[PDB]
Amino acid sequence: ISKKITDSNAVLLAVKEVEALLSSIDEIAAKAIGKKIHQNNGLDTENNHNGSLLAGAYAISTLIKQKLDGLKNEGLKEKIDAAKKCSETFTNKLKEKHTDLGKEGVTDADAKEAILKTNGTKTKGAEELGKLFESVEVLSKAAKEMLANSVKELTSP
């Protein structure tokens, strides 16, 4: 019971930090692609200068993979390893498409094609990010139920 709860809680905190990191990528894609800081609106449009943001996006992406490496549980091993492959495929795609993403002047369209998972066309990484998102979300569902059934040890066996 006590060993169950503390160890089961660790993974949920572990997984939900990955989801928080993913939302950092998703949020800059939705609200910061093609934008600049403005004193009143907070952000203002600046088209086709998304180069440094993509580096920051990839920066968070590799921080995500490191955290996926720190997750270890025999029950969740299959879903964590499946999550392990997906972030690696995403990070590799940004490397693969460096000719369009490795400059300061990356177009909005190609920037969105890389990190905006809700974009129309998703051939520069957004497919892999969504595939990654689904793998991570499949992990939260299994990890959350592992915690709850550890706590369902309050009433009923």
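Each residue number is its position in the shown sequence, starting from 1.
If you average the Cα B factors in the entry, which is higher, 119-127 or 24-32?
It is 119-127 that shows the higher mean C-alpha B-factor.
Going by the B-factors listed in the PDB entry, is the mean over the C-alpha atoms higher for 136-144 or for 5-13?
Mean C-alpha B-factor is greater for 5-13.
For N47, return the chain-relative third of its C-alpha B-factor as stated in the PDB record: lowest, middle or highest.
Ranked within chain, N47 CA B lands in the highest tercile.
Comparing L94 with the other modelled residues of its chain, is its CA B-factor in the lowest, middle or highest third?
Middle third of the chain for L94's C-alpha B-factor.
Quick check for you: using the entry's CA B-factors within this chain, is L63 in the lowest, middle or highest third?
Its C-alpha B-factor, which the entry lists for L63, ranks in the lowest third among residues of this chain.
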